[PDB]
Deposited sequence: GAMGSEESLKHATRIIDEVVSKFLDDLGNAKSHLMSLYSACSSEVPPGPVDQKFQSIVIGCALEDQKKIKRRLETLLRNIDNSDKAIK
């Protein structure tokens, strides 16, 4: 029993840690795109956009980062 507990916990801990890793990549991927405004192929696409649309893009990235921060926060 004592050993089984730690085993089941390990199996669950892996699924969660993996999810948190994926949550971490999307977050850094989102940050790299953001700094590409405020990563390399995105930056080059951003300049071809009109300033108004560059404002929207940045804003969207900001909002997304807040959203994914709440996603991380959801995992207690």
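Asks: Can you list the gaps, in order, where the deposited sequence has no modelled residues?
Replies: Gaps vs deposited seq, in order: 1-4, 43-50.
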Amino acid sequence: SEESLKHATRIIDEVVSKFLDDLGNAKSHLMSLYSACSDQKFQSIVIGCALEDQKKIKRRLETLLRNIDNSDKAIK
From here on, numbers count along this sequence of modelled residues.
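Asks: I need to verify one thing: averaged over C-alpha atoms only, is the B-factor higher for 39-47 or for 25-33?
Replies: According to the entry, 39-47 carries the higher average C-alpha B-factor.
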